[PDB]
Amino acid sequence: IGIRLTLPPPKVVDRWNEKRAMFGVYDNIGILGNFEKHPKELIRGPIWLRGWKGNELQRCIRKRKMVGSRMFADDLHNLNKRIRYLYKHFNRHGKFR
Amino acid sequence: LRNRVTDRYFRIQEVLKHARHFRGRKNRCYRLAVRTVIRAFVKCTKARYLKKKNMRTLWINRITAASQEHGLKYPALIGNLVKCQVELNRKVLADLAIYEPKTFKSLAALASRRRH
Amino acid sequence: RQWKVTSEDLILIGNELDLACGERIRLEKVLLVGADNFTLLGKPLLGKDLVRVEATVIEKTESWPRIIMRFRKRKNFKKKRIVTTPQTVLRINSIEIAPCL
Amino acid sequence: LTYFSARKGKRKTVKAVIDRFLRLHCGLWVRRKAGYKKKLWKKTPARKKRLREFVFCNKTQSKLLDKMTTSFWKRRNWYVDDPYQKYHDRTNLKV
Amino acid sequence: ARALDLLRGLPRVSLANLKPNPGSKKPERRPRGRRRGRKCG
Amino acid sequence: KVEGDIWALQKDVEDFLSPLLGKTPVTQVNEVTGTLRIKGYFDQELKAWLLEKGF
Amino acid sequence: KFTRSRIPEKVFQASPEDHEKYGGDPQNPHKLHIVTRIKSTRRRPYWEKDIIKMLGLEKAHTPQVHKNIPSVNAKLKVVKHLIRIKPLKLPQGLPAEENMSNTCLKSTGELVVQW
Amino acid sequence: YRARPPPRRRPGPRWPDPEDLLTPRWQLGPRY
Amino acid sequence: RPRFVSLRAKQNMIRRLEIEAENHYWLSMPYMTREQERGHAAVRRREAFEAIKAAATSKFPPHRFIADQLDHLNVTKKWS
RNA sequence: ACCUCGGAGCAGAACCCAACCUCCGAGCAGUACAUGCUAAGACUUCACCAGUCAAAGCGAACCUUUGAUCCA
RNA sequence: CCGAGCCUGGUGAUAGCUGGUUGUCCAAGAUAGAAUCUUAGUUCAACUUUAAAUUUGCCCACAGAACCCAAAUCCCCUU
RNA sequence: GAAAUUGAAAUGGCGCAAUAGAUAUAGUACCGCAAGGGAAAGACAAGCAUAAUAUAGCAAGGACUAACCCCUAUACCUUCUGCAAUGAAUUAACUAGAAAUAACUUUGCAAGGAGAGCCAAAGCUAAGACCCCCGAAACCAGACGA
Ligand SMILES: [Mg+2]
Ligand SMILES: [Mg+2]
Ligand SMILES: [Mg+2]
Ligand SMILES: [Mg+2]
Ligand SMILES: [Mg+2]
Ligand SMILES: [Mg+2]
Ligand SMILES: [Mg+2]
Ligand SMILES: [Mg+2]
Ligand SMILES: [Mg+2]
Ligand SMILES: [Mg+2]
Ligand SMILES: [Mg+2]
Ligand SMILES: [Mg+2]
């Protein structure tokens, strides 16, 4: 019974809408534009992870460092608790030493 | 629930179809069905030895009956046929006993003659 | 194996024979030939001059799926395999004997 | 050790290792012998000579020390008059 | 080069034809199934 | 950085290196990347040989 | 303790009665053994298992030809309770290249060049 | 479609207004 | 519970003992002496180990072909 | 009562071992004050730590029982 | 529900302890010394797996291994 | 676990879709003296009935003309050295391997690599692969309670 008895409504995808059609444009902004701009400057997203990557602990540390003062109170409390938990887990748990 | 299983119906049915002829809830409930289906398949796999073993026992019983009809014992029949270089196997000898009694009579007479 | 055979009989070999369907064949290892009133016994084989048993490849099939399951309790040991064996159905067309005794 | 520090997210160096072992760049670790300064008056001259020596570590000891130090301690250092400059590299080594 | 002639022969290179170089992508091992589940290593 | 018949280069390298080794050297020809990988260290000999060939 | 067994050399000194019984001439001895494993190496010491592997007798009832020389014989002595040894008999001599593919090992221990 | 204009560095010097509270302190000193 | 030895078990043991006695006899007559056999197989043994060493030292990654890389484009081959 | 080390039983014949256990003695004493310094090659108490032996060379003369790191 | 109330928070406390740890198929895969506030754990060793390099490895015939006063073992040309 | 020093530009979803996503239809109902806790839900599965049962037994398998009768067959998981012990009425849904130091593999470039910093005596850069879930008695802080 864990199965739907009707076909789901058809999902139509426009492969040639503007977003898909122009996807990838300016990814070579650096090597084709005399390196005035780095391609990572094209990234739109959270201010604390534009052109940067890390595990959950590093992401949380960076978020606290960069926008911690602007965070809501309980969100910041949750982030502090999460950093503490992730520190304990990554530095004290695991199969490997 | 980013990724959820949608095939569980078919995964369950693959086992339930083999369980459909069981007794009780073993034919309906997957938790019980899967255990009995595994046992059924293991029995099926192991029974290919017993089929061969029982067929030879059946052939030997039938040959013993047919040869006792002619006063021979099965060891005498088999051994003397071997000594006469007749390489008929037990399946064929049982078939001859059932369906060609005169041929089996000839074989029994030959075995007794060889013995004598 | 040894097959007890007569004309028009069907025989199921549990392997492929490298023969096209409808192809005629001579079964060369005849151990026994018998009639209502007499039988001939090879020691262990009858001669080619005496008997001629001919068959025809009627079918080339696979067997029904056979399950091989292994299970050992309390060892997380469970394995399943499905095997289909090639098969050939032969029809025995004729048995001929010759007066070469 | 600390695999991810709470302030930088970086792996930390166990400074007990740095205070005790010298790493040759090729991957060898040199150390002093334990007790080389202890109660020398009751040790034979041969034992004292053995204790005064700089000694290499095992493969597994070296692997442990490599894990316990970060890549900074495993770099090429061109010190002016390093006594270990010649020992920093291996020569005529087959496998 | 003969490789470019082979390209001329072959279908168009698109985003549906791309494949990583063999040996550059190890399979991911995850703890499901008889061999990698249970006590999960 | 090999262009053209990497297999011809492999044959030439084997011919040039077998007298040195006493056996035909074992090699891998990456035709895709245009590289030739030879087991063993022969960098100096191969550099001199390619200089003689004029590359 | 259980250890390797040192068989006294008198065990392997045939008597004229043995010669008559088994039909082998001590002068001009047979060149090759046919050894078959007839007993399981399970429940036997690791050294017997190793000797069986070395002699290539892993499969039971599968004849293996070996030289009748002291080293091979020492190994065979180590595993003599697990094997059957019979001399290889060559009534027509060793096979020639022409009939190398037409040989057969008769159950009597004779390699016949016709089959 | 036509691509949006390529991203470019803002030409000339960028002088943040010191009155704004959100301008970073490093953008106000003599080093900047 | 005690166990007892049957006539069949005794006969089986006797058969095995007879086989072993024949093994003793056939092992009692070496063809060569220990001094004669010394080194008579050395050349073949050396060649066999040379083959083993060659196999051990010839291990290397297999070749890679532009044809193999480019054949993957056929996954989108259609009928026009 | 013992906990470390050494010697003997306790292992008949390379080593290892009867742990637990039995007896004994050492946390040394005597000697010398090159009884120094260096250095090939080895042993090893089944890991490591530690512990042994040592040619050649240099220099004087002309050996028989334990404890790491840190810290002072 | 007091040998020390209840609630919230620190808190996903900690647990060398208990329990659980989800597709298919193949393959390799075994008891073992030391130290340890340590014997319900761990680290090293041994074993184990994968990849790699190279050349010898196992078995062993003699010869050889103590005086005090057994079965076997070690070692290695051959094979 | 620093600092000197160095100096980043600027309306969307490879998110969930009613056990998910907020606890939320709602801090409501309900529970508590109180502080507090805190929901549910809206659009031929199991269980039965049609149709109780037939000697014998992990309930099946080999079969068979034939359901049973014949023959073979000491449930599963986990924990024990191994069988005893643990867990499981059953269905549906949910429910548990997160990552670095090196390595290895595949690219790039190569005595140099890397889009400053770093490494380099073939290295450097990039990617791929690998480190679970539930559970105490507790401790402390601040409230709430005679
Ligand atoms: Mg497994
Ligand atoms: Mg002692
Ligand atoms: Mg040692
Ligand atoms: Mg109360
Ligand atoms: Mg926990
Ligand atoms: Mg296996
Ligand atoms: Mg302690
Ligand atoms: Mg414990
Ligand atoms: Mg909800
Ligand atoms: Mg139903
Ligand atoms: Mg229960
Ligand atoms: Mg009152």
Side-chain angles (χ1 to χ4, degrees), chain A residues 1-2 5 30 35 37-38 41 44-45 47 50-51 55-57 81 85-86 89-90 93-96, chain B residues 1-2 12 22-26 28-32 35-36 39-40 43-44 46-48 50-51 54, chain C residues 73-74 79-81, chain D residues 3-5 7 11 33-35 38-39 44-47 49-50 58 60-61 63 66-67 70-71 75-76 89 94-95, chain E residues 20-35 37-41, chain F residues 33, chain G residues 1-6 47 50-51 54 67 69-72 74-75 78, chain H residues 9-10 26, chain I residues 34 37-42 45 49 53 56-57 59:
Chain A
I1 60 170
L5 311 181
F35 309 96
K37 288 193 80 70
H38 196 288
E41 306 171 31
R44 288 184 61 83
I47 179 63
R50 273 174 211 166
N55 62 49
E56 187 183 355
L57 176 50
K81 272 201 302 183
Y85 172 82
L86 289 174
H89 174 67
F90 281 125
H93 298 158
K95 182 181 189 172
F96 309 133
Chain B
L1 306 164
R2 168 84 182 73
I12 297 298
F22 293 176
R23 270 210 51 169
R25 294 184 281 162
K26 316 192 304 293
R28 281 183 314 276
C29 300
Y30 181 88
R31 178 184 294 272
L32 316 173
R35 297 190 199 117
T36 310
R39 287 191 60 89
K43 285 170 190 294
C44 174
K46 286 183 181 174
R48 316 208 172 98
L50 294 168
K51 187 184 179 183
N54 294 330
Chain C
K73 70 174 72 191
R74 303 166 38 184
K79 317 200 295 177
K80 184 186 184 192
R81 179 189 179 187
Chain D
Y3 303 91
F4 300 99
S5 56
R7 296 203 52 75
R11 185 192 193 96
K33 283 208 77 77
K38 299 296 291 181
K39 295 184 286 294
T44 70
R47 185 173 174 184
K49 168 71 154 56
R50 278 193 296 274
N58 279 117
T60 72
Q61 297 173 346
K63 198 75 184 65
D66 280 340
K67 290 179 188 176
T70 58
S71 54
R75 72 187 302 272
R76 285 307 282 244
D89 276 326
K94 273 70 178 174
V95 180
Chain E
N21 203 36
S24 66
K25 298 294 183 71
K26 283 189 57 177
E28 166 147 12
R29 304 305 189 181
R30 49 202 307 275
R32 275 94 173 100
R34 182 171 95 88
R35 186 253 173 265
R38 203 203 195 182
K39 291 181 166 39
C40 315
Chain F
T33 69
Chain G
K1 302 190 203 307
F2 182 50
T3 57
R4 285 84 177 276
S5 53
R6 288 178 29 84
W47 58 82
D50 295 352
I51 295 287
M54 294 161 187
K67 297 158 153 173
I69 60 179
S71 49
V72 174
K75 288 190 181 65
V78 171
Chain H
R9 294 182 302 185
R10 289 176 67 186
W26 62 268
Chain I
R34 211 159 258 278
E37 74 167 358
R38 198 162 284 116
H40 81 277
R45 296 177 90 259
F49 183 49
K53 284 198 296 188
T57 58
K59 199 160 52 170

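So that the names make sense, note that chain A is the first sequence line, chain B the second, and so on, each numbered from 1. As a basis for the values below, the full set of heavy atoms in this structure was taken, side chains included, without hydrogen atoms, waters or symmetry mates.
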If you find the nucleotide of RNA chain L closest to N21(E) and the one closest to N54(B), which residue's nucleotide is nearer the 5' end?
-> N54(B)
Plane angle bin for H93(A) and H89(A) - parallel if under 30°, tilted between 30 and 60°, otherwise perpendicular | perpendicular
Under 30°, 30 to 60°, or over 60°: which ring-plane class applies to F90(A) and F4(D), parallel, tilted or perpendicular?
-> perpendicular
Sugar-phosphate, base or nothing in reach of [X], heavy atoms under 4.0 Å:
| X | result |
| --- | --- |
| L57(A) | nothing |
| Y30(B) | sugar-phosphate |
| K53(I) | base |
| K26(B) | sugar-phosphate |
| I47(A) | base |

Quick one: are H40(I) and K67(G) in side-chain contact, heavy atoms under 4.5 Å?
-> yes
Scanning both residues in full, the closest heavy-atom pair of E37(I) with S71(G) reads OE1-OG, 3.2 Å
Between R23(B) and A60(L), is there a side-chain N or O to OP1/OP2 distance below 4.0 Å?
-> no
Indicate, yes or no, whether a donor-acceptor pair under 3.5 Å links the base of [N] to the side chain of [X].
| X | N | result |
| --- | --- | --- |
| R39(B) | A73(L) | no |
| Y85(A) | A13(K) | no |
| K1(G) | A71(K) | no |

Of the listed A17(L), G61(L), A10(L), the closest approach to the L1(B) side chain comes from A17(L)
Quick one: do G36(J) and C37(J) stack, meaning six-ring centroids under 5.5 Å and planes under 30°?
-> yes
For adjacent nucleotides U95(L) and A96(L), indicate whether their bases are stacked under the rule of ring centres within 5.5 Å (strictly under) and plane angle under 30°.
-> no
Tabulate protein N/O versus nucleotide N/O from nucleotides 61-63 of chain K, keeping only pairs under 3.5 Å, one per line.
from: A61(K); atom 1: OP1; to: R34(I); atom 2: NH2; distance (Å): 3.4
from: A61(K); atom 1: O5'; to: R34(I); atom 2: NH2; distance (Å): 3.1
from: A61(K); atom 1: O4'; to: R34(I); atom 2: NE; distance (Å): 3.4
from: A61(K); atom 1: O4'; to: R34(I); atom 2: NH1; distance (Å): 2.9

Within the sub-3.5 Å range, which N or O atoms of nucleotides 22-27 of chain K have a protein N or O partner, and how far apart are they?
from: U22(K); atom 1: OP1; to: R38(E); atom 2: N; distance (Å): 3.2
from: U22(K); atom 1: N3; to: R32(E); atom 2: NH2; distance (Å): 3.3
from: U22(K); atom 1: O4; to: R32(E); atom 2: NH2; distance (Å): 2.7
from: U24(K); atom 1: OP2; to: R34(E); atom 2: N; distance (Å): 3.1
from: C25(K); atom 1: OP1; to: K80(C); atom 2: N; distance (Å): 2.7
from: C26(K); atom 1: OP1; to: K79(C); atom 2: NZ; distance (Å): 2.9

Taking the nucleotide of RNA chain J with the closest heavy atom to each, which residue, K39(D) or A46(D), is nearer the 5' end?
-> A46(D)
Can you give me the N/O atom pairs linking the protein to nucleotides 115-119 of chain L at distances under 3.5 Å, or say none if there are none?
from: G115(L); atom 1: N2; to: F35(A); atom 2: O; distance (Å): 3.4
from: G115(L); atom 1: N2; to: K37(A); atom 2: O; distance (Å): 3.4
from: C119(L); atom 1: OP1; to: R75(D); atom 2: NE; distance (Å): 2.8
from: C119(L); atom 1: OP2; to: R75(D); atom 2: NE; distance (Å): 3.1
from: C119(L); atom 1: OP2; to: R75(D); atom 2: NH2; distance (Å): 2.8

